[PDB]
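Read the structure below first, then the notes.
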Amino acid sequence: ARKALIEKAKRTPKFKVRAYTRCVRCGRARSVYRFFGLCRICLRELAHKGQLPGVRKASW
Amino acid sequence: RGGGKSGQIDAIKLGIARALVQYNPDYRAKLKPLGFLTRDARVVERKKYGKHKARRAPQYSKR
Amino acid sequence: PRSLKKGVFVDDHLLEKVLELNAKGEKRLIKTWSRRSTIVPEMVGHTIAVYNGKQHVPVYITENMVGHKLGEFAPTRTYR
Amino acid sequence: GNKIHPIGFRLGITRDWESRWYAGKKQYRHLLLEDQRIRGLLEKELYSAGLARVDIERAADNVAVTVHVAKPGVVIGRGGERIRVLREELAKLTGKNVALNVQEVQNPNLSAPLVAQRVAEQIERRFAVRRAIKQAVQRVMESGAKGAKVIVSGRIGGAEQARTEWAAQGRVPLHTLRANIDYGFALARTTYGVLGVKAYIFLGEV
Amino acid sequence: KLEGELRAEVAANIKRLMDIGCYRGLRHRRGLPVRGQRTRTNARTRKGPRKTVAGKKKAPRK
Amino acid sequence: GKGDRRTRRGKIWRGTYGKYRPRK
Amino acid sequence: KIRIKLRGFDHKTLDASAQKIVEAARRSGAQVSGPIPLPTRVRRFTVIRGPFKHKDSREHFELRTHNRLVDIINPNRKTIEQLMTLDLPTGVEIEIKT
RNA sequence: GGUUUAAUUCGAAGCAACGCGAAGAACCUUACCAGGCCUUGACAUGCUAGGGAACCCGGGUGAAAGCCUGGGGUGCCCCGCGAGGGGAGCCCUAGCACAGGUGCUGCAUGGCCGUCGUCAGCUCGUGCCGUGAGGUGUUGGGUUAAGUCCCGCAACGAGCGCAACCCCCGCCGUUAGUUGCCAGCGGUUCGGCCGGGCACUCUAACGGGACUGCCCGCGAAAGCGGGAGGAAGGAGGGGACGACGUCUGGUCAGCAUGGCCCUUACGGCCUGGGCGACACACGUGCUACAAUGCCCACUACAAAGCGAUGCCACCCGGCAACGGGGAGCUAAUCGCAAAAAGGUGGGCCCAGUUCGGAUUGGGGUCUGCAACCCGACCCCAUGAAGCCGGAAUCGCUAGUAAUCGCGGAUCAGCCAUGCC
Ligand SMILES: [Mg+2]
Ligand SMILES: [Mg+2]
Ligand SMILES: [Mg+2]
Ligand SMILES: [Mg+2]
Ligand SMILES: [Mg+2]
Ligand SMILES: [Mg+2]
Ligand SMILES: [Mg+2]
Ligand SMILES: [Mg+2]
Ligand SMILES: [Mg+2]
Ligand SMILES: [Mg+2]
Ligand SMILES: [Mg+2]
Ligand SMILES: [Mg+2]
Ligand SMILES: [Mg+2]
Ligand SMILES: [Mg+2]
Ligand SMILES: [Mg+2]
Ligand SMILES: [Mg+2]
Ligand SMILES: [Mg+2]
Ligand SMILES: [Mg+2]
Ligand SMILES: [Mg+2]
Ligand SMILES: [Mg+2]
Ligand SMILES: [Mg+2]
Ligand SMILES: [Mg+2]
Ligand SMILES: [Mg+2]
Ligand SMILES: [Mg+2]
Ligand SMILES: [Mg+2]
Ligand SMILES: [Mg+2]
Ligand SMILES: [Mg+2]
Ligand SMILES: [Mg+2]
Ligand SMILES: [Mg+2]
Ligand SMILES: [Mg+2]
Ligand SMILES: [Mg+2]
Ligand SMILES: [Mg+2]
Ligand SMILES: [Mg+2]
Ligand SMILES: [Zn+2]
């Protein structure tokens with residue numbers, strides 16, 4: 001988002017309840033699958049580029 | 001093992017029908033046309049996205 | 001039906017300030033931005049100015065309103 | 001709408017993962033991030049070599065980066081004083097001791113990432129797009145290949161209204177899994193916008 | 001505390017929060033969901049039946 | 001049914017336990 | 001009685017290296033308890049296809065961890081000596097208990 | 001949507017906007033509003049003289065940011081016997097190169113998506129026709145789910161589509177025995193708990209299996225109807241998969257990105273408020289209006305998942321949420337976990353009821369710095385409207401609709417009845 005608004009970088013957030021996520025790739029603050037640390041949009045991009053090892057198109 | 005009692009009924013039914021054929025292979029004549037040998041491959045259908053429930057489609061307005 | 005367990009809460013910068021003014025006389029008006037703070041019995045007297053996102057308000061402080069939270073007395077929105 | 005990533009679709013079979021390691025649900029997040037940093041320091045500095053892909057593998061703490069470039073000349077340097085600098089510049093971001101390898105690309109005109117990458121650079125050097133594409137395809141078709149297809153996005157030629165230019169010959173059978181269709185996307189940062197270059201290259205079957 | 005001696009314990013309990021400067025008091029006085037609800041829609045039970053008013057001056061049929 | 005907090009059905013519906021749906 | 005829970009994201013690479021852990025003998029030295037199947041654990045992620053709206057789009061991804069067991073009874077020391085530098089898979093991991 | 005407001009941040013528009021971006025708005029998130037501040041800056045690479053410079057606990061003011069101020073420290077290189085001079089590094093003002101902008105523009109773009117539409121279609125090479133745009137092929141007769149195949153023919157082929165290749169389900173086999181058992185005998189603290197074996201169930205890798213292949217009838221052929229054998233029979237069931245294009249469709253607020261714009265504020269930090277406002281209207285839902293029902297007790301059968309600064313067996317206190325203690329489990333082994341409708345027993349007896357759980361008064365628990373605005377849960381009391389819904393209108397052709405519970409993602413907590 002706003003480059004400024006990565007005060008998620010603020011290692012001490014004062015209270016641990018001001019701690020939030022953000023996509024480590026794009027900054028997105030709103031679908032950040034915590035396993036990957038990536039947002040939903042980045043996840044699909046990386047999944048398709050085959051740079052998420054083991055991750056695959058899933059159908060059943 | 002598994003599922004729910006009414007399917008367990010149908011599954012025992014297949015179980016019996018099969019034992020009773022490897023006990024006397026001739027029994028098929030008075031057993032196969034009844035259908036007891038076939039296995040009911042009718043299984044719960046997967047939940048599809050953008051549906052509510054596999055086929056139940058969400059309700060819409062204005063058309 | 002609210003929530004103050006075996007803790008009870010009053011934001012303290014405002015508290016050390018009011019108890020301080022209980023060594024003598026009552027300061028007319030105290031500028032607070034913490035509506036967060038419950039009212040203690042030791043507040044019954046000095047008129048506190050609760051903020052609003054827009055304006056401190058002259059909230060006089062009766063004993064009939066002790067257990068209540070400050071912001072319960074400075075309405076936020078404006079209506080008709 | 002339409003058309004999934006022809007890689008991510010075939011990811012199951014005919015194409016394997018760029019980075020292929022294993023990690024638990026407390027590690028995966030971290031290895032992935034650092035894995036990315038490597039690709040970033042790599043795709044920027046190795047442009048000249050024209051890097052098609054970067055395989056990354058991990059194990060007992062160590063990391064086996066296996067860079068695929070057309071011209072391994074530019075990654076070696078003074079007979080070494082470059083592959084050392086870069087295996088060094090990786091040692092800082094990766095505290096875990098890296099191992100840089102270099103893979104020749106026999107046929108740059110049979111790796112979609114490079115073909116597209118080629119076209120991209122021309123569009124910035126203001127080449128004629130239509131030809132670039134018909135040509136690019138031919139250079140790929142002349143190099144064997146069962147088929148191939150290229151696509152440039154929009155604002156061809158500074159043209160105010162974004163368009164799309166095409167070209168493709170041979171078979172490019174997108175809906176068949178049993179394919180092997182190297183795909184490659186190149187960006188083209190021109191003076192008046194951006195353009196996207198997609199390149200498809202069919203080869204083999206089973 | 002049952003029947004009468006309760007009905008005017010509660011009634012007079014409300015007047016308390018109405019007589020102080022309280023917010024729940026305002027909500028009691030206006031006649032609007034005291035327990036922090038939405039009022040954009042759906043507060044019928046606190047509001048009474050719908051007091052419908054004219055909606056438009058120059059826009060389709062709705 | 002499912003709306004009343006103080007019932008079997010109702011406590012099941014809202015995840016919870018208590019006087020009206022003992023945990024065990 | 002050594003314990004070896006094997007696991008990775010690929011199973012072509014597992015069964016072909018759990019096999020390479022059963023290189024003591026087929027069944028002539030220590031017992032060998034065969035490469036044990038042992039159920040896989042499937043994580044799933046479901047992503048809305050485009051950026052911005054289009055709720056009803058969606059696309060499924062999974063990441064599945066396959067797990068093997070093997071286990072060898074009565075560990076002769078040369079059987080262990082083979083647990084040294086004798087491997088090829090990169091995406092396979094190795095828990096060892098006894 | 002509207003209206004209101006200091007602000008109620010922005011976007012989404014008939015199908016294809018409206019439980020949509022948002023897979024977690026108390027602060028945070030945050031983009032909005034008021035008020036207190038900050039400036040080479042919360043982040044990047046730098047360039048000139050200047051005072052000092054790694055750094056470690058202080059003080060005043062303050063809502064916090066911030067501003068102000070007192071104090072030990074003075075090290076590492078070269079020159080000097082020295083007092084000292086010059087200097088690499090990180091800290092420092094006062095200027096410059098630049099940062100930053102969720103400000104504008106899908107009415108410049110990429111990317112990704114939606115949509116007609118998983119519809120059976122869109123073309124191409126060469127020949128032939130036509131002054132030409134063009135046509136033929138791809139029209140016709142059968143036939144298919146299908147430009148699917150067959151037959152025909154100035155056309156002969158080909159590409160993108162269809163189908164097949166991938167996955168999940170249904171039957172069977174081989175490999176495999178810290179999950180599975182009156183299969184078979186021994187023991188029982190009658191629990192597969194113990195010895196013990198893997199047959200079976202399962203677990204999950206690799207294979208077989210279907211082919212209109214066999215029979216009868218219509219057919220010129222493709223195929224159609226039927227019948228055997230089979231777990232399954234003409235596409236066995238469900239996924240993934242969406243052609244040339246259309247919409248100048250959506251999105252510059254995910255990310256890029258051309259241009260335009262601001263640069264002691266259109267950047268930056270706080271604290272508080274807002275996004276939750278209510279005379280009204282709509283959409284999508286949930287819970288109902290009850291007897292094929294509701295309540296209480298006992299008891300029976302799932303699948304898929306998740307679990308370390310996590311799931312919590314079990315014990316104790318509490319009506320309870322929950323608190324105290326504590327076992328096991330990096331989990332086919334421990335736990336979430338109770339599945340629920342169902343079954344057996346009892347109660348209610350046609351009632352706005354033992355139907356319905358809205359509202360409101362009170363007392364609590366837990367999470368968080370903090371629950372007034374605005375959390376979820378438990379307990380007591382309150383017990384609204386609702387007796388099956390006008391005009392209109394939606395879904396569904398089979399394990400489907402209907403109905404019943406369970407899980408996950410996001411996430412301290414949670415407004416989830418949403419979604420997968
Ligand atoms: Mg940005
Ligand atoms: Mg949070
Ligand atoms: Mg169902
Ligand atoms: Mg102070
Ligand atoms: Mg009831
Ligand atoms: Mg779709
Ligand atoms: Mg205004
Ligand atoms: Mg906008
Ligand atoms: Mg649709
Ligand atoms: Mg806020
Ligand atoms: Mg220096
Ligand atoms: Mg700029
Ligand atoms: Mg676009
Ligand atoms: Mg079709
Ligand atoms: Mg003519
Ligand atoms: Mg001619
Ligand atoms: Mg014609
Ligand atoms: Mg025809
Ligand atoms: Mg065809
Ligand atoms: Mg297909
Ligand atoms: Mg079997
Ligand atoms: Mg016995
Ligand atoms: Mg025939
Ligand atoms: Mg718009
Ligand atoms: Mg909102
Ligand atoms: Mg509307
Ligand atoms: Mg007790
Ligand atoms: Mg009864
Ligand atoms: Mg009805
Ligand atoms: Mg149908
Ligand atoms: Mg229902
Ligand atoms: Mg949660
Ligand atoms: Mg649920
Ligand atoms: Zn992202």
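The chains in the structure tokens are called A, B, ... from first to last as shown; in each chain the residues are counted from 1, and the ligands are counted from 1 in the order shown.
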May I have the residues within 10 Å of residue 61 in chain C as a PyMOL selection string, using only C-alpha atoms (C1' of nucleotides) and disregarding those fewer than 4 positions away in the same chain?
(chain C and resi 39+41+43-48+65-66+70+73) or (chain E and resi 20-21)
Take the residues from that selection and put them in a file with N, CA and C atoms, as a compact mmCIF listing (two decimals), in the first residue's frame.
```txt
# COMPACT_ATOMS: atom_id res chain seq x y z
N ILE C 39 -15.26 5.69 35.97
CA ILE C 39 -15.25 6.70 37.01
C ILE C 39 -15.11 6.10 38.41
N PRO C 41 -14.94 6.75 42.75
CA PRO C 41 -15.63 7.64 43.69
C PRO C 41 -14.90 8.96 43.92
N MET C 43 -13.70 10.89 41.86
CA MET C 43 -13.91 11.81 40.76
C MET C 43 -15.17 12.62 40.97
N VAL C 44 -16.04 12.12 41.85
CA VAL C 44 -17.26 12.82 42.21
C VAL C 44 -16.93 14.20 42.77
N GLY C 45 -17.09 15.22 41.94
CA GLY C 45 -16.78 16.58 42.32
C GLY C 45 -16.29 17.39 41.14
N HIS C 46 -15.01 17.23 40.81
CA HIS C 46 -14.36 18.02 39.75
C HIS C 46 -14.88 17.68 38.35
N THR C 47 -15.36 18.70 37.66
CA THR C 47 -15.90 18.55 36.32
C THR C 47 -14.82 18.23 35.29
N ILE C 48 -14.93 17.06 34.67
CA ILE C 48 -13.96 16.58 33.69
C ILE C 48 -14.45 16.85 32.28
N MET C 65 -23.46 8.43 39.23
CA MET C 65 -22.92 7.90 37.97
C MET C 65 -21.49 7.38 38.11
N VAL C 66 -21.20 6.73 39.24
CA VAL C 66 -19.85 6.26 39.55
C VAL C 66 -19.33 5.10 38.69
N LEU C 70 -16.45 6.99 31.32
CA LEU C 70 -16.51 8.42 30.95
C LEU C 70 -17.21 8.71 29.62
N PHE C 73 -20.85 9.71 28.45
CA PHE C 73 -21.43 11.02 28.72
C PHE C 73 -21.07 12.09 27.69
N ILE E 20 -29.01 10.60 34.48
CA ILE E 20 -27.62 10.98 34.35
C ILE E 20 -27.39 11.34 32.90
N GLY E 21 -26.19 11.74 32.53
CA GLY E 21 -25.95 12.10 31.15
C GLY E 21 -25.79 10.92 30.21
```
With a distance threshold of 8 Å and counting only C-alpha atoms, extract the residues of chain A near chain D and express them as a ChimeraX atom specification.
/A:24,34-37,47-54,56-57
Contacts of ligand 20, 7 Å or closer, only C-alpha atoms (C1' of nucleotides) and all ligand atoms, given as a list in words
residues 175 of chain D; 162, 163 and 241 of chain H
For chain C against chain H, with a cut-off of 12 Å and counting only C-alpha atoms (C1' of nucleotides), what is the closest atom pair and its distance in Å to one decimal for every residue that makes the cut, ordered by chain and number, as JSON lines?
```
{"residue": "C:1", "atom": "CA", "partner": "H:363", "partner_atom": "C1'", "distance": 6.8}
{"residue": "C:2", "atom": "CA", "partner": "H:364", "partner_atom": "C1'", "distance": 8.1}
{"residue": "C:3", "atom": "CA", "partner": "H:364", "partner_atom": "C1'", "distance": 7.9}
{"residue": "C:4", "atom": "CA", "partner": "H:364", "partner_atom": "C1'", "distance": 9.1}
{"residue": "C:5", "atom": "CA", "partner": "H:365", "partner_atom": "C1'", "distance": 7.9}
{"residue": "C:6", "atom": "CA", "partner": "H:365", "partner_atom": "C1'", "distance": 10.6}
{"residue": "C:8", "atom": "CA", "partner": "H:370", "partner_atom": "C1'", "distance": 11.4}
{"residue": "C:9", "atom": "CA", "partner": "H:370", "partner_atom": "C1'", "distance": 8.5}
{"residue": "C:10", "atom": "CA", "partner": "H:370", "partner_atom": "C1'", "distance": 9.5}
{"residue": "C:11", "atom": "CA", "partner": "H:370", "partner_atom": "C1'", "distance": 8.4}
{"residue": "C:12", "atom": "CA", "partner": "H:369", "partner_atom": "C1'", "distance": 10.9}
{"residue": "C:13", "atom": "CA", "partner": "H:63", "partner_atom": "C1'", "distance": 8.6}
{"residue": "C:14", "atom": "CA", "partner": "H:63", "partner_atom": "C1'", "distance": 9.2}
{"residue": "C:30", "atom": "CA", "partner": "H:63", "partner_atom": "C1'", "distance": 11.6}
{"residue": "C:31", "atom": "CA", "partner": "H:63", "partner_atom": "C1'", "distance": 8.7}
{"residue": "C:32", "atom": "CA", "partner": "H:63", "partner_atom": "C1'", "distance": 6.6}
{"residue": "C:33", "atom": "CA", "partner": "H:63", "partner_atom": "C1'", "distance": 5.3}
{"residue": "C:34", "atom": "CA", "partner": "H:63", "partner_atom": "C1'", "distance": 6.8}
{"residue": "C:35", "atom": "CA", "partner": "H:372", "partner_atom": "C1'", "distance": 7.3}
{"residue": "C:36", "atom": "CA", "partner": "H:370", "partner_atom": "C1'", "distance": 6.7}
{"residue": "C:37", "atom": "CA", "partner": "H:370", "partner_atom": "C1'", "distance": 8.8}
{"residue": "C:38", "atom": "CA", "partner": "H:372", "partner_atom": "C1'", "distance": 9.4}
{"residue": "C:39", "atom": "CA", "partner": "H:372", "partner_atom": "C1'", "distance": 11.6}
{"residue": "C:50", "atom": "CA", "partner": "H:272", "partner_atom": "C1'", "distance": 9.8}
{"residue": "C:51", "atom": "CA", "partner": "H:272", "partner_atom": "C1'", "distance": 6.7}
{"residue": "C:52", "atom": "CA", "partner": "H:273", "partner_atom": "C1'", "distance": 6.1}
{"residue": "C:53", "atom": "CA", "partner": "H:273", "partner_atom": "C1'", "distance": 3.8}
{"residue": "C:54", "atom": "CA", "partner": "H:34", "partner_atom": "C1'", "distance": 4.4}
{"residue": "C:55", "atom": "CA", "partner": "H:34", "partner_atom": "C1'", "distance": 7.7}
{"residue": "C:56", "atom": "CA", "partner": "H:35", "partner_atom": "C1'", "distance": 9.8}
{"residue": "C:67", "atom": "CA", "partner": "H:372", "partner_atom": "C1'", "distance": 11.8}
{"residue": "C:68", "atom": "CA", "partner": "H:372", "partner_atom": "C1'", "distance": 8.3}
{"residue": "C:69", "atom": "CA", "partner": "H:372", "partner_atom": "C1'", "distance": 5.8}
{"residue": "C:70", "atom": "CA", "partner": "H:372", "partner_atom": "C1'", "distance": 6.8}
{"residue": "C:71", "atom": "CA", "partner": "H:372", "partner_atom": "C1'", "distance": 4.5}
{"residue": "C:72", "atom": "CA", "partner": "H:372", "partner_atom": "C1'", "distance": 4.1}
{"residue": "C:73", "atom": "CA", "partner": "H:372", "partner_atom": "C1'", "distance": 7.7}
{"residue": "C:74", "atom": "CA", "partner": "H:372", "partner_atom": "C1'", "distance": 8.6}
{"residue": "C:75", "atom": "CA", "partner": "H:373", "partner_atom": "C1'", "distance": 7.5}
{"residue": "C:76", "atom": "CA", "partner": "H:373", "partner_atom": "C1'", "distance": 6.5}
{"residue": "C:77", "atom": "CA", "partner": "H:277", "partner_atom": "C1'", "distance": 6.5}
{"residue": "C:78", "atom": "CA", "partner": "H:5", "partner_atom": "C1'", "distance": 6.4}
{"residue": "C:79", "atom": "CA", "partner": "H:4", "partner_atom": "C1'", "distance": 6.9}
{"residue": "C:80", "atom": "CA", "partner": "H:4", "partner_atom": "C1'", "distance": 7.3}
```
Please produce a file of the residues just selected, as a PDB file, in the first residue's frame, where the atoms kept are C-alpha atoms.
```
ATOM      1  CA  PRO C   1     -24.088  -6.918  31.811  1.00  0.00           C
ATOM      2  CA  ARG C   2     -20.577  -5.535  31.135  1.00  0.00           C
ATOM      3  CA  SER C   3     -16.995  -6.439  32.073  1.00  0.00           C
ATOM      4  CA  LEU C   4     -14.717  -5.546  35.017  1.00  0.00           C
ATOM      5  CA  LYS C   5     -13.431  -8.766  36.566  1.00  0.00           C
ATOM      6  CA  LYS C   6     -10.775  -9.056  39.209  1.00  0.00           C
ATOM      7  CA  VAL C   8     -11.101  -2.973  37.319  1.00  0.00           C
ATOM      8  CA  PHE C   9      -9.867  -0.295  34.904  1.00  0.00           C
ATOM      9  CA  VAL C  10      -9.187   3.430  35.017  1.00  0.00           C
ATOM     10  CA  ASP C  11      -6.653   4.996  32.638  1.00  0.00           C
ATOM     11  CA  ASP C  12      -4.022   6.284  35.051  1.00  0.00           C
ATOM     12  CA  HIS C  13      -2.624   9.559  33.688  1.00  0.00           C
ATOM     13  CA  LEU C  14      -6.054  11.056  34.378  1.00  0.00           C
ATOM     14  CA  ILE C  30      -9.634  18.736  33.138  1.00  0.00           C
ATOM     15  CA  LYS C  31      -8.751  18.131  29.469  1.00  0.00           C
ATOM     16  CA  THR C  32      -9.026  14.394  28.763  1.00  0.00           C
ATOM     17  CA  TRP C  33      -8.907  12.382  25.596  1.00  0.00           C
ATOM     18  CA  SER C  34      -9.352   9.095  27.449  1.00  0.00           C
ATOM     19  CA  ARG C  35     -13.051   8.280  27.460  1.00  0.00           C
ATOM     20  CA  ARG C  36     -11.678   4.776  28.119  1.00  0.00           C
ATOM     21  CA  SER C  37     -11.589   5.302  31.863  1.00  0.00           C
ATOM     22  CA  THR C  38     -14.200   4.180  34.393  1.00  0.00           C
ATOM     23  CA  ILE C  39     -15.253   6.703  37.009  1.00  0.00           C
ATOM     24  CA  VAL C  50     -14.328  14.332  28.018  1.00  0.00           C
ATOM     25  CA  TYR C  51     -13.286  14.594  24.371  1.00  0.00           C
ATOM     26  CA  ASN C  52     -15.383  13.680  21.378  1.00  0.00           C
ATOM     27  CA  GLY C  53     -13.135  13.371  18.383  1.00  0.00           C
ATOM     28  CA  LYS C  54     -14.178  17.018  18.084  1.00  0.00           C
ATOM     29  CA  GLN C  55     -14.706  18.737  21.442  1.00  0.00           C
ATOM     30  CA  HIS C  56     -13.973  18.387  25.138  1.00  0.00           C
ATOM     31  CA  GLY C  67     -19.542   2.775  38.009  1.00  0.00           C
ATOM     32  CA  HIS C  68     -19.977   4.201  34.529  1.00  0.00           C
ATOM     33  CA  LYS C  69     -17.360   4.778  31.823  1.00  0.00           C
ATOM     34  CA  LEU C  70     -16.512   8.416  30.947  1.00  0.00           C
ATOM     35  CA  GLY C  71     -17.317   8.265  27.224  1.00  0.00           C
ATOM     36  CA  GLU C  72     -20.874   7.288  28.174  1.00  0.00           C
ATOM     37  CA  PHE C  73     -21.426  11.023  28.725  1.00  0.00           C
ATOM     38  CA  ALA C  74     -19.864  12.631  25.655  1.00  0.00           C
ATOM     39  CA  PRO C  75     -22.086  11.634  22.716  1.00  0.00           C
ATOM     40  CA  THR C  76     -20.065  11.108  19.577  1.00  0.00           C
ATOM     41  CA  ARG C  77     -22.437  11.556  16.636  1.00  0.00           C
ATOM     42  CA  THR C  78     -24.829  14.405  15.952  1.00  0.00           C
ATOM     43  CA  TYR C  79     -28.447  13.587  15.158  1.00  0.00           C
ATOM     44  CA  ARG C  80     -31.326  15.764  13.822  1.00  0.00           C
TER      45      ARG C  80
END
```
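Residue-level DSSP output for chain F, from the backbone, shows helix (DSSP H, G or I) at residues 8, 9, 10, 11, 12 and 13 of chain F.
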Write the residues of the selection above to a file with N, CA and C atoms, as a compact mmCIF listing (two decimals), in the first residue's frame.
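The resulting again22.txt:
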```
# COMPACT_ATOMS: atom_id res chain seq x y z
N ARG F 8 -31.01 -27.24 24.47
CA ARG F 8 -30.05 -28.12 23.81
C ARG F 8 -29.75 -27.55 22.42
N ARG F 9 -30.75 -27.61 21.54
CA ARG F 9 -30.62 -27.23 20.13
C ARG F 9 -29.87 -25.92 20.01
N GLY F 10 -30.22 -24.98 20.87
CA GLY F 10 -29.74 -23.62 20.77
C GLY F 10 -28.27 -23.46 21.11
N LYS F 11 -27.81 -24.25 22.07
CA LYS F 11 -26.43 -24.17 22.52
C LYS F 11 -25.51 -24.88 21.54
N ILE F 12 -26.03 -25.93 20.91
CA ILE F 12 -25.33 -26.67 19.86
C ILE F 12 -25.07 -25.78 18.66
N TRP F 13 -26.10 -25.02 18.29
CA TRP F 13 -26.04 -24.14 17.15
C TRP F 13 -24.99 -23.05 17.32
```
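Running DSSP on the backbone gives strand (DSSP E or B) for these residues within chain C: residues 31, 32, 38, 48, 49, 50, 57, 58, 59 and 69 of chain C.
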Dump N, CA, C and O atoms for the selected residues as a PDB file, in the first residue's frame?
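Wrote it out as again.pdb, contents follow:
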```pdb
ATOM      1  N   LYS C  31      -8.705  18.493  30.880  1.00  0.00           N
ATOM      2  CA  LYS C  31      -8.751  18.131  29.469  1.00  0.00           C
ATOM      3  C   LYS C  31      -8.345  16.679  29.238  1.00  0.00           C
ATOM      4  O   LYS C  31      -7.152  16.368  29.209  1.00  0.00           O
ATOM      5  N   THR C  32      -9.327  15.793  29.065  1.00  0.00           N
ATOM      6  CA  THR C  32      -9.026  14.394  28.763  1.00  0.00           C
ATOM      7  C   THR C  32      -9.368  13.996  27.348  1.00  0.00           C
ATOM      8  O   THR C  32     -10.310  14.514  26.747  1.00  0.00           O
ATOM      9  N   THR C  38     -13.069   4.272  33.481  1.00  0.00           N
ATOM     10  CA  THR C  38     -14.200   4.180  34.393  1.00  0.00           C
ATOM     11  C   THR C  38     -14.132   5.343  35.363  1.00  0.00           C
ATOM     12  O   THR C  38     -13.070   5.923  35.566  1.00  0.00           O
ATOM     13  N   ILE C  48     -14.934  17.059  34.669  1.00  0.00           N
ATOM     14  CA  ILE C  48     -13.964  16.576  33.693  1.00  0.00           C
ATOM     15  C   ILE C  48     -14.447  16.851  32.276  1.00  0.00           C
ATOM     16  O   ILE C  48     -15.626  16.685  31.973  1.00  0.00           O
ATOM     17  N   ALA C  49     -13.531  17.269  31.409  1.00  0.00           N
ATOM     18  CA  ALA C  49     -13.872  17.533  30.019  1.00  0.00           C
ATOM     19  C   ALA C  49     -13.519  16.351  29.121  1.00  0.00           C
ATOM     20  O   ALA C  49     -12.375  16.205  28.680  1.00  0.00           O
ATOM     21  N   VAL C  50     -14.511  15.506  28.862  1.00  0.00           N
ATOM     22  CA  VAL C  50     -14.328  14.332  28.018  1.00  0.00           C
ATOM     23  C   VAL C  50     -14.304  14.775  26.567  1.00  0.00           C
ATOM     24  O   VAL C  50     -15.130  15.582  26.156  1.00  0.00           O
ATOM     25  N   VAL C  57     -15.960  18.143  26.540  1.00  0.00           N
ATOM     26  CA  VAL C  57     -17.290  18.522  27.015  1.00  0.00           C
ATOM     27  C   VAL C  57     -17.386  18.708  28.533  1.00  0.00           C
ATOM     28  O   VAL C  57     -16.757  17.987  29.301  1.00  0.00           O
ATOM     29  N   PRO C  58     -18.180  19.693  28.962  1.00  0.00           N
ATOM     30  CA  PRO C  58     -18.341  19.965  30.391  1.00  0.00           C
ATOM     31  C   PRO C  58     -19.145  18.875  31.090  1.00  0.00           C
ATOM     32  O   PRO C  58     -20.308  19.099  31.424  1.00  0.00           O
ATOM     33  N   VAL C  59     -18.546  17.710  31.309  1.00  0.00           N
ATOM     34  CA  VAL C  59     -19.249  16.646  32.018  1.00  0.00           C
ATOM     35  C   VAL C  59     -19.132  16.821  33.531  1.00  0.00           C
ATOM     36  O   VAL C  59     -18.159  16.366  34.136  1.00  0.00           O
ATOM     37  N   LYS C  69     -18.508   4.375  32.629  1.00  0.00           N
ATOM     38  CA  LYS C  69     -17.360   4.778  31.823  1.00  0.00           C
ATOM     39  C   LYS C  69     -17.539   6.222  31.345  1.00  0.00           C
ATOM     40  O   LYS C  69     -18.646   6.625  30.995  1.00  0.00           O
TER      41      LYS C  69
END
```
Protein and nucleic residues near ligand 5, 10 Å, only C-alpha atoms (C1' of nucleotides) and all ligand atoms, as a PyMOL selection string:
(chain F and resi 1-10) or (chain H and resi 294-295+354-357)
Ligand 22: which residues are within 10 Å, counting only C-alpha atoms (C1' of nucleotides) and all ligand atoms? Reply as a count of residues only.
5
Throw together the list of residues within 12 Å of ligand 16, counting only C-alpha atoms (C1' of nucleotides) and all ligand atoms, and drop it here as a ChimeraX atom specification.
/H:127-132,134-135
